[PDB]
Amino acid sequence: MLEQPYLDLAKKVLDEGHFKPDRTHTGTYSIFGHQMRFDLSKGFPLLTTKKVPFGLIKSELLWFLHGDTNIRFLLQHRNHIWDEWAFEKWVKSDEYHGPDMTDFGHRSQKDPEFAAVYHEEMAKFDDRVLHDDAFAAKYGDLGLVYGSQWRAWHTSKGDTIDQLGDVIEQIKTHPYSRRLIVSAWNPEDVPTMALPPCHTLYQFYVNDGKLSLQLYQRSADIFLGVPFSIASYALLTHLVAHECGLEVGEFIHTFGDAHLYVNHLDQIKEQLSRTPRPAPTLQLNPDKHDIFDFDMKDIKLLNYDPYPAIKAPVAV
């Protein structure tokens, strides 16, 4: 079945995984070095053994493709994935008036009295952002994030570089290039950055008419962190191909520290019992071509037959 590699990776870590403490102190079964591949021309590698929200993936990927970093677009799409990174500033501000949100993520992990206020103040910030146009401009904009990294590489002399764009250009002008790299790691922002990018760098490859891509990520939270990574990066491969007129090939996913949090194991042993069902089919709008405007209804997911959702706890 199409997703097997991920179940094998999960399985693997569970066995030969070694214990490793965490920054956000927990334990983790970890492995260093691993590659898995999926032939995109055989189905979309969207996990069927667990409910995965393609809606979240798409909207998020379009945000990235717009080089947009303001949280407004995501909320607009009922997407809240990155909210916590905005809230961390809103609260660490002079304007913040209210429930001392210090370490709110951890306190809500088990959520006692802090629970309500945190999630209540959350509605606040998102209400503020979504409508207060100026608030959005200050607190909604995350700054350095995949989109700005991808399409707005802050140079040494003020100008901006659109890596992704100039890359598709590269694929078009001369596809057989070993220089099709889109780096997200900048040495000067990483030390003073909330969360250095996980999906660090990706390289495309054109041969026999098909487009293949390789994603390198220094860290991998296998339970909930990998199933999104796979899909999103498999989606980018159809978009580029469709843009450049290439037939989609296969997506390769290489990991630095691949791991399973110590408080995720029950849930993962649980998943390993179900058997994968036929891979979902991705459908792409034939009319529009400039992927940079390939909005929500331009990407359609056909016949996804997932196993129920397995809840787990945020890694704080």
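We number the residues from 1 along the sequence you see.
Could you check which stretch, 125-133 or 210-218, carries the larger mean CA temperature factor in the entry? 125-133 has the higher mean C-alpha B-factor.
Using the B-factors recorded in the PDB entry, average over the C-alpha atoms of 281-289 and of 62-70, then report which stretch comes out higher. Stretch with the greater average CA B-factor: 281-289.
Can you tell me which of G245, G105, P187, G165 has the highest Cα temperature factor in the record? Highest CA B-factor of the listed options: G105.
In terms of CA temperature factor as recorded, identify the highest of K300, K12, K20, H25. Of the candidates given, the C-alpha B-factor peaks at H25.
Please rank the C-alpha B-factors of the chain's modelled residues and tell me whether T160 sits in the lowest, middle or highest third. According to the entry, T160 has a C-alpha B-factor in the chain's highest third.
Using the temperature factors of the C-alpha atoms in this entry, rank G98 within its chain: lowest, middle or highest third. According to the entry, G98 has a C-alpha B-factor in the chain's highest third.
Taking the chain's C-alpha temperature factors as the reference, tell me which third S232 falls into: lowest, middle or highest. Ranked within chain, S232 CA B lands in the middle tercile.
When the modelled residues of the chain are sorted by Cα temperature factor, does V240 land in the lowest, middle or highest third? Answer is lowest: the recorded C-alpha B-factor places it there.
Ordered by C-alpha B-factor within the chain, which third holds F223? Give me lowest, middle or highest, please. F223: CA B-factor falls in the middle third of its chain.
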